[PDB]
Amino acid sequence: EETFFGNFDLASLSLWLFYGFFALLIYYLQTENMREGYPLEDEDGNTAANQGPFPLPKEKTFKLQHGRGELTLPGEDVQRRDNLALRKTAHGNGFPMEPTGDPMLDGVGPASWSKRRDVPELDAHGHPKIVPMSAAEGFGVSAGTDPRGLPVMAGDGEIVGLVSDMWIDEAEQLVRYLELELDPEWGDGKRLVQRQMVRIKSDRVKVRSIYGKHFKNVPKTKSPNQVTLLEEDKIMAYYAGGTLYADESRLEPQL
Amino acid sequence: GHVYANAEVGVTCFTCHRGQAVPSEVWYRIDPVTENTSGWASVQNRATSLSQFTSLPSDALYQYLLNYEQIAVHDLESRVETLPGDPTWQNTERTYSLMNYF
Amino acid sequence: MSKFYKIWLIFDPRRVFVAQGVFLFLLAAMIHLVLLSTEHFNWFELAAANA
Amino acid sequence: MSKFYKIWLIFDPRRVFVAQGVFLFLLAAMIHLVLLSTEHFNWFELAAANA
Amino acid sequence: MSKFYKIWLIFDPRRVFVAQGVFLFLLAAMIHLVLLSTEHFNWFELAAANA
Amino acid sequence: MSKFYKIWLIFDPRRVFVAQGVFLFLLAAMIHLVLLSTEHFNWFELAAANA
Amino acid sequence: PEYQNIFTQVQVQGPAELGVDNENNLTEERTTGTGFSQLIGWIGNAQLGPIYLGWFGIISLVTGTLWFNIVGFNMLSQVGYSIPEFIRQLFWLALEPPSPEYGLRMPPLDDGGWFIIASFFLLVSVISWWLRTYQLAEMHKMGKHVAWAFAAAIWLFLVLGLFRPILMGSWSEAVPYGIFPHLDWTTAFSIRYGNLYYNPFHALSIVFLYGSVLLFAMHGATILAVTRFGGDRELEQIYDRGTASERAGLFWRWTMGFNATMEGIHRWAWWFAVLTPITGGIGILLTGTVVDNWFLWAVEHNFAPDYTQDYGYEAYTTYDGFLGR
Amino acid sequence: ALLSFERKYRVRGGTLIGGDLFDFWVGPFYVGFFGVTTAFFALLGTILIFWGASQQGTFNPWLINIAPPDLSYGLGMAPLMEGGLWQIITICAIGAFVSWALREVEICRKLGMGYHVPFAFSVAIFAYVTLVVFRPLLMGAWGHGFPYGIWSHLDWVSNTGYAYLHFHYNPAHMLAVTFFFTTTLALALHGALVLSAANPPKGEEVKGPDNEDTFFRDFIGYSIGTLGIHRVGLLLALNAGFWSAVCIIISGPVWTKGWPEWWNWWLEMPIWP
Amino acid sequence: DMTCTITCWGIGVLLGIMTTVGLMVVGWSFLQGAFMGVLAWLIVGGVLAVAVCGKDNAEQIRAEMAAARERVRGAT
Amino acid sequence: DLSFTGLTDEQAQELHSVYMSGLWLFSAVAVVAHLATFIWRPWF
Amino acid sequence: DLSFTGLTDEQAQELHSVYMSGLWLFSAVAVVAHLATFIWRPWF
Amino acid sequence: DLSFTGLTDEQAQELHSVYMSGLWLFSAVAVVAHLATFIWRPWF
Ligand code: BCL
Ligand code: BCL
Ligand SMILES: CC[C@H]1c2cc3[nH]c4c(c3C)C(=O)[C@H](C(=O)OC)c4c3nc(cc4[nH]c(cc(n2)[C@@H]1C)c(C(C)=O)c4C)[C@@H](C)[C@@H]3CCC(=O)OC/C=C(\C)CCC[C@H](C)CCC[C@H](C)CCCC(C)C
Ligand SMILES: CC[C@H]1c2cc3[nH]c4c(c3C)C(=O)[C@H](C(=O)OC)c4c3nc(cc4[nH]c(cc(n2)[C@@H]1C)c(C(C)=O)c4C)[C@@H](C)[C@@H]3CCC(=O)OC/C=C(\C)CCC[C@H](C)CCC[C@H](C)CCCC(C)C
Ligand SMILES: COC1=C(OC)C(=O)C(C/C=C(\C)CC/C=C(\C)CC/C=C(\C)CC/C=C(\C)CC/C=C(\C)CC/C=C(\C)CC/C=C(/C)CC/C=C(\C)CC/C=C(\C)CCC=C(C)C)=C(C)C1=O
Ligand code: HEM
Ligand SMILES: COC(C)(C)C(=O)C/C=C(\C)CC/C=C(\C)CC/C=C(\C)CCCC/C(C)=C/CCC(C)CC/C=C(\C)CCC=C(C)C
Ligand SMILES: COC(C)(C)C(=O)C/C=C(\C)CC/C=C(\C)CC/C=C(\C)CCCC/C(C)=C/CCC(C)CC/C=C(\C)CCC=C(C)C
Ligand SMILES: COC(C)(C)C(=O)C/C=C(\C)CC/C=C(\C)CC/C=C(\C)CCCC/C(C)=C/CCC(C)CC/C=C(\C)CCC=C(C)C
Ligand SMILES: COC(C)(C)C(=O)C/C=C(\C)CC/C=C(\C)CC/C=C(\C)CCCC/C(C)=C/CCC(C)CC/C=C(\C)CCC=C(C)C
Ligand SMILES: COC(C)(C)C(=O)C/C=C(\C)CC/C=C(\C)CC/C=C(\C)CCCC/C(C)=C/CCC(C)CC/C=C(\C)CCC=C(C)C
Ligand SMILES: COC(C)(C)C(=O)C/C=C(\C)CC/C=C(\C)CC/C=C(\C)CCCC/C(C)=C\CCC(C)CC/C=C(\C)CCC=C(C)C
Ligand SMILES: [Fe+3]
């Protein structure tokens, strides 16, 4: 085989062509990932002077099922929160924020939730996706330990009530939530706990994220037979906020 | 040039024989190792006493250390015009088996 | 042309300035390095030889 | 020329200062290192040879 | 030159101080290590040779 | 020089003391090990060679 | 400690799911009969089956079975039809490619005919499977990304088996059908043509393989980390952004200065995985046809390292000193 | 410059050590105690590498080579030009990797999520430490580590592989290669399925998890689910790393002869006639 | 009833170790004994888990449960 | 009046004055160093 | 006054006094140790 | 007036005074050390 000029042959041509293609592909991949969260803002809520070297992409349209309309991105932020109880700890940018009231009750920090749609998620048939186990026909426990009837222990060793039901995902045959009936001392009504934050034992179910006194302020569902995306977000994040805000020692340095 | 390579080391009867009438590590010809095979498929794909626990050709030690066949397989330029009769990867495998034996 | 000021109605000055700033330094470094890789224009070796 | 001060209506000084400092330190380090890879201007070896 | 104090209206000391603290120690450590890797300025081998 | 006490109006002493202690102990350990890694100053080996 | 979501605490079982349908009538070809495995339910889904039986699938199954049986019976006959010896030497037998002397002509059955027949069957089976994977996506109303990613690997498959032997003008350039023989072929191919390390496209394919493994590790860890916010339901997060996506993006933005979206990370994963066989096939296709020695190519192109020290054990130690005498 | 949803997450707390002394951001990056340590170690290592490159006589990225000492120095320290710079850079790299992992831990704690990512990074750190620390320590010399060069760290791999005659016959190498290939295939399939579900042909509605489940049950007769696939991928990657470490660590200090000969236990079982 | 299955798996592991040591005693090597021991582990553990742990606890529920399937059959 | 950073004209002038004041000092120190180095070992 | 930590002027002065006393004691001990080491085995 | 950090003019002047006071002491110590090192082993 011969060379076109100097040491340049077919392999070098292929290598340079691949270099060009890879550069274009990297540009495309980076630009495709800027459809959420832009343009950038400063710490006062205003548009920043610097926006980066990659310009914004063009628009694309999603056609959603069940007649819920269309979604076009990039666009305005419809999940934006309105009034946040936060305070700046400095006059410039690059410094943390300070909660104004109760961070667990105000939904800030690790307890933050997003403003999702106030409608339940639907399966292929158009039914609510997550349903209590007492309304699902033909479903039963096949393995593991049944948590129904067991007492619930909080993060500080307090028993707050019993597990009364489970909320399952009928389409995927997976358990999503555990329902809890509270003792009159610790509150009233029923509360939901996501399955990812519980440890089922032979005689008890333990929730280490929050303490006993934090159980009465868990967000409640409006309907007893379904839950919406907004409620799931608020319930699930309230439970996540306790890993930091349930005690003063969880926030200060461990050393 | 080989036995006196580094010092005065010779050879006697007690180098192949070690008290035996037959010196150990003598070899024979076992080239057909499979059945219903004709060419390159009739010498390698089996673990035998001449292959060193591999599937490499057992035809070695007979084409090289008894007959006079080429061992080199490499090309001496980055780009070379390939012709029929040039070494292939099968000759490379027979050399790999010889060097495993070494 | 007298009307070459309309390029700033098509392009954003900030991105252009950043890209040009990178480009100029890269070009200058490449040219100096290409000069250093020869024999007639390497000033370090020329200074060494004349000493 | 008398209007070069209008560059700060386009670029934020806080980012420009950091970028300029990083660039200047890197350039100085690169030059000081390039001088040490030769024999005529390597001051450590020259000090060794003159003693 | 008499208005250099205005840099503190641009930068908060809480970040500049830590940046400078890291930079100075990095510089000192590299310089000492670079000195330790030569033959004319290595003060550990000099003591052994002198004794 | 007489107003160096204002450094505690910028940094929290509680979070500075721990870092200072860690830095000092690590530096001392590094220097002792560096001394141990040589031949002239390895006090464990001079004890054996002397006797 | 906290629950880590690696094994499921309690399982539930309901009526079996038969599958969605549309006017294309997918039901007419699906089988009837399902099972449940509690052992697998600790990790993933427990339902097993049903499967879709088209014509491409049946053709592929039959033809691949024919290839398997041909290879197995040839290997069995090569040993004398001895079952204990067939079991003993299973990893060492193979079905060898033809001899170099026959060029591209059809060789005798003893020296490569069965190899060609089995290769033809294997090619037919693979193409049938690809057609099936295209047809299924066409009938469920979905994109054809799965077909493209399979075609990415089929490209390297064909380059290793079909295109390169034709370009080199010999059927002896293929790969033998065996466990240890195919590794032997890999090593011999690497040795014969210089060093395959210095082939730039082998390096590029290695880069993309490492990146793909790293990216799945990162993505699996990230998704399991934010699963307490319903992060495993990725499609609903794409359609309606929640807090899980925001936290997952902010983690990587604070870690390395840039992040992705819930839909854009899958594009990254698809491309890193697909780019490996493409570069590998491009690099393999150039060996022998264009470049015959890759170390000499590297030396001529000035990226081969140079060493100053000497060679041999006598430059560093003594034979008696090594033994301790 | 923040994202439009980032400000409410930028709160204080969640530090293992340091409190508010280093609790701030520099651009997008988060700074802490371990960020400071990482910056120091990485900068020192890079500058030392370029100093060694300058003293070598070349600045070509392809040709820079920093090598470990000779085998005669044992486990002691070597002159900084004859391989001591390699030891210093190794120490710096270990420190930087550990600091990076702990910074990831701090970020995870602040965001209120799980600690899976640092645990996954720990396996790669373990593999690197096995390559540069454990195996040379067992073999008895720091000269068994690989050099720090782009093209010179492949010659080491080649020579180490050929030191056992045929490294493809190593069973742990087989396991690791199989895990690597399986991980790549699983990643490709997962990405393709998600992208196809979210991007239908023009004029068609988007799909859901039920559609994906049906597709793979029609395709191969089984579906792992939207949650099991991530577990499977994570486990595959971790297993690949672990078995790579095992394969490299058994080659030198445990086995000494060629790898093909290891199969004589199977080839010489008493059950065979 | 996963505990019984884990117990059966542990019994299989112990039996594999015992068989491996016995094979050392007979005169085999380490790997030759280990392969047969692993075989024994998987086979005996699987057999015990399927058989013994398949006897789920029931005294009179089993009979009516057995009798119930004797009525579904015969008319289908 | 164009402004992307939110500054005023007078603020920009006052900033540029001090910026150039520092730049000239940096350049003067560099020039003195270069002169001393050239006196020590020439390159031209 | 300016304070990012919450301390006052008097408290900062009081803290700095004790900090400097400890620093001086540490420096004196280090100086004595260095002098003894130099007498035992002199570098430079 | 331009102020990104929220400080006033007098506070910035005081801060600069203390910073320069520290810098001069650092530089003086470095100069003394360099003079001693040059007397011990010259590099010019
Ligand atoms: C003659 C050559 C021999 C051979 C000899 C060897 C030897 C010898 C080795 C293996 C190793 C491996 N072999 Mg093998 N191997 C051969 C050919 C093959 C073939 C093939 C023919 O197809 C395959 C598929 C493989 C594949 C493999 C993997 C199983 C394994 C790679 C380790 C790994 O990925 O750990 C990945 C882990 C890491 C080391 C990652 C470390 C990352 C660190 C922690 C972070 C980096 C930070 C960085 C500096 C940041 C800076 C960047 C900033 C942005 C600036 N081998 C041939 C047959 N093989 C290697 C192995 O198992 O190593 C343990 C090894 O050493
Ligand atoms: C001594 C060995 C040589 C070497 C020789 C080779 C050779 C030769 C090759 C590789 C190739 C590769 N090398 Mg290399 N390589 C070496 C050292 C290494 C090392 C290392 C030391 O760590 C690494 C990391 C690797 C790894 C790699 C990969 C990057 C690459 C494989 C591409 C791929 O996607 O494979 C994945 C495999 C495939 C996609 C194959 C196609 C699969 C098809 C689709 C199968 C169809 C299904 C089937 C018919 C049905 C089965 C039955 C079912 C159960 C129904 N090499 C050394 C230097 N390397 C390949 C390459 O591309 O290099 C350019 C290649 O050919
Ligand atoms: C890596 C992907 C490859 C693959 C995977 C694959 N196929 C699978 C599975 C998996 C992981 C199953 O779990 C499922 C199965 O039933 O496995 C036992 C199956 C399957 N894929 C099949 C075929 C098949 N797949 C193919 C494709 C592939 N298989 C891919 C290439 C091909 C090819 C290449 O042509 C064929 C021929 C079927 C045999 C089966 C579809 C299941 C079905 O239609 O009915 C099964 C259901 C039952 C009637 C009862 C369960 C079956 C049990 C074996 C009996 C009882 C066991 C008990 C209920 C629990 C099982 C215990 C577990 C440990 C399994
Ligand atoms: C992006 C590149 C990666 C990749 C991708 C990839 N592979 C793919 C795909 C994709 C996207 C598919 O869609 C396709 C698939 O079906 O995946 C589930 C496939 C596939 N890649 C496969 C293998 C494979 N991929 C590999 C690698 C890779 N593929 C790359 C890493 C490798 C290697 C060497 O690393 C291999 C060996 C198959 C599992 C499958 C292709 C299936 C196929 O072509 O089947 C044809 C049919 C036959 C040959 C008939 C076989 C008959 C048998 C004798 C019996 C029936 C099968 C049975 C299930 C096995 C035995 C079971 C026992 C219990 C009896
Ligand atoms: C679904 O979910 C998911 C997401 O979401 C939706 C995701 O997104 C992702 C993420 C995935 C992707 C984005 C895909 C792309 C990813 C890859 C291809 C992986 C490979 C990545 C890379 C090659 C890039 C990685 C880059 C690295 C590690 C380098 C970056 C680091 C630095 C520049 C330094 C770090 C900064 C520190 C430590 C802070 C600074 C230190 C201090 C002490 C501050 C003090 C001040 C100073 C020192 C001075 C000022 C400092 C400056 C300016 C810093 C710069 C300094 C320099 C010297 C240059 C995944 C997986 C996911 O599943
Ligand atoms: C164990 C694996 C070995 C491998 C992979 C290997 C590889 C090779 C290869 C490929 C060649 C031919 C090179 C060419 O084409 O020019 C060769 C030849 C040679 N090798 Fe090695 N070798 C090995 C071991 C050894 C050992 C241990 C010796 C010991 C003395 C050795 C000595 C030689 C000699 C003398 C030649 C020249 C043969 C000739 O051209 O006549 N090799 N080796
Ligand atoms: C020898 O063989 C090898 C392969 C090695 C070769 O070397 C092969 C080489 C080739 C095949 C080469 C081929 C080269 C070409 C085809 C070259 C073509 C080049 C051009 C068409 C160049 C066009 C350049 C145009 C320019 C410079 C335009 C400038 C315009 C402006 C500066 C004005 C910008 C416009 C404004 C501001 C619009 C006003 C705005 C308003 C809002 C009104
Ligand atoms: C963290 O952020 C902030 C802003 C707070 C900072 O930046 C803070 C920074 C600090 C707190 C920094 C602190 C720094 C120190 C405490 C530094 C101390 C330095 C020394 C004590 C240095 C001593 C150096 C001594 C040397 C080099 C001695 C050399 C001796 C010889 C070479 C022997 C030969 C002697 C001869 C020939 C005698 C002749 C001498 C003559 C002077 C003529
Ligand atoms: C030889 O070949 C090779 C490639 C090896 C080379 O070595 C090539 C090298 C090059 C090509 C090098 C090129 C180098 C350059 C182009 C360098 C340019 C450098 C500059 C322009 C530097 C400018 C620095 C200016 C400074 C530091 C000025 C002032 C700073 C300050 C005054 C700081 C204080 C600021 C205040 C107070 C402003 C606040 C004011 C208010 C009113 C708020
Ligand atoms: C040779 O080359 C290499 C690289 C190998 C090197 O070895 C290089 C080495 C270096 C470059 C080393 C550099 C070292 C330094 C810069 C070291 C600096 C050290 C210090 C500045 C140390 C300071 C120590 C201060 C101390 C100990 C102060 C106080 C201690 C107290 C116990 C006081 C307690 C205070 C109280 C109680 C206050 C309470 C008051 C109230 C009002 C509540
Ligand atoms: C030779 O080649 C190679 C590459 C090898 C090199 O070695 C290259 C080397 C270089 C290129 C080196 C370059 C070096 C520099 C540019 C160094 C610069 C150094 C400085 C500018 C140092 C500044 C130090 C300043 C200090 C120490 C100031 C103050 C310290 C204080 C402790 C004061 C603290 C202030 C307070 C408390 C104010 C509080 C006031 C209130 C009102 C609250
Ligand atoms: C007899 O006993 C029974 C019945 C139990 C059996 O049947 C036993 C069977 C066995 C024990 C079987 C064992 C089988 C193996 C160990 C098989 C191993 C197979 C491989 C490693 C195969 C690799 C194949 C291919 C490779 C590596 C690359 C590329 C190949 C191709 C592209 C093939 C395609 C061929 C083409 C396109 C050429 C066709 C020719 C034409 C003229 C069209
Ligand atoms: Fe995913």
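Naming: A, B, ... by sequence-line order, numbering from 1 per chain. What's counted below: heavy atoms across the whole structure, side chains too, no hydrogens, waters or symmetry copies. Counting starts at 1 for both ligands and their atoms, following the listed order.
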Between G:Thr133 (side chain only) and G:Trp129 (backbone N and O only), is there a donor and an acceptor less than 3.5 Å apart?
no
Nearest-contact summary for atom 9 (C) of ligand 10 - protein heavy atom, Å:
F:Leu27 CD1, 4.5 Å
Nearest non-hydrogen contact to atom 32 (C) of ligand 7 from the set A:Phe4, C:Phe11, C:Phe4 belongs to C:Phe4
Can you name the residues that form a side-chain hydrogen bond (donor to acceptor under 3.5 Å, both in side chains) with H:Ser196, not counting sequence neighbours?
none
Validation row: G:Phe121, G:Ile70 side chains within 4.5 angstrom (heavy atoms)
yes
Closest protein heavy atom (residue, atom, distance) for atom 43 (C) of ligand 7
C:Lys6 NZ, 4.1 Å
Verify whether one side chain among G:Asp21 and G:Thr27 offers a donor that lies under 3.5 Å from an acceptor in the other.
yes
Can you label the angle between the F:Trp43 ring and the F:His32 ring as parallel, tilted or perpendicular, going by 30° and 60°?
perpendicular
Quick check for you: to the nearest 0.5 Å, what is the distance between F:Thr38 atom OG1 and F:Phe41 atom CZ?
6.5 Å
For atom 7 (O) of ligand 10, state which one of K:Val29, K:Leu23, E:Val34, F:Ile31 supplies the nearest heavy atom.
F:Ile31
Kindly compute the distance separating CG (A:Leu10) from CG (A:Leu15), expressed to the nearest 0.5 Å.
11.5 Å
Does the protein put any heavy atom within less than 4.0 Å of atom 34 (C) of ligand 10?
no
Look up atom 38 (C) of ligand 7 and tell me if a protein heavy atom lies less than 4.0 Å from it?
yes
pair L:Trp43-D:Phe44: side-chain heavy atoms closer than 4.5 Å
no
Mind telling me whether A:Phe8 and A:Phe4 have parallel, tilted or perpendicular rings, with 30° and 60° as the class edges?
tilted
What atoms of ligand 7 come closer than 4.0 angstrom to any heavy atom of C:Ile7?
37 (C)
Protein heavy atoms: any of them under 4.0 Å from atom 41 (C) of ligand 10?
yes
Nearest 0.5 Å, please: how far is CZ in G:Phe7 from CD1 in G:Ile43?
6.5 Å
4.5 Å side-chain heavy-atom contact, C:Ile7 and C:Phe11
yes
Can you pull out the closest protein heavy atom to atom 19 (C) of ligand 10? Residue, atom name and distance to 0.1 Å, please.
F:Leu24 CD2, 4.0 Å
Nearest-contact summary for atom 3 (C) of ligand 10 - protein heavy atom, Å
E:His32 CB, 4.2 Å
For ligand 3, list all ligand N or O to protein N or O distances below 3.5 Å, rounded to 0.1 Å.
from, atom 1, to, atom 2, distance (Å)
ligand 3, 7 (N), H:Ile220, O, 3.2
ligand 3, 21 (N), H:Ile220, O, 3.0

Could you grab the distance from atom CH2 of G:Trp67 to atom OG of G:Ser119, nearest 0.5 Å is fine?
9.0 Å
Ignoring hydrogens, tell whether any protein atom lies closer than 4.0 Å to atom 21 (C) of ligand 10; use the non-hydrogen atoms only.
no
Is I:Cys53 close enough to I:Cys4 that their SG atoms are under 2.5 Å apart?
yes
Are there protein heavy-atom neighbours of atom 5 (C) of ligand 10 below 4.0 Å?
no
One residue to check: E:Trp43. Relative to ligand 10, which of side chain, backbone, both or neither has a non-hydrogen atom less than 4.0 Å away?
side chain
Students should be able to answer this: which protein heavy-atom is nearest to atom 36 (C) of ligand 7, and at what distance?
C:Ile10 CD1, 3.9 Å
Heavy-atom neighbours of I:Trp41 CH2 exceed 12 at 6.0 Å:
no
Min heavy-atom dist F:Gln20 to ligand 10 below 4.0 Å:
yes
Nearest non-hydrogen protein atom, atom 31 (C) of ligand 10
K:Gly22 CA, 4.1 Å
Checking contacts now, so for atom 29 (C) of ligand 10, which I'm interested in, is there any protein heavy atom under 4.0 Å?
yes
Is there a heavy atom in C:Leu9 that sits closer than 4.0 Å to ligand 7?
no
When you measure from atom 18 (C) of ligand 10 to every protein heavy atom, which one gives the shortest distance, and what is it?
F:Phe23 CE2, 4.6 Å
Verify the ring-centre separation between F:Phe23 and E:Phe25: is it less than 6.0 angstrom?
yes
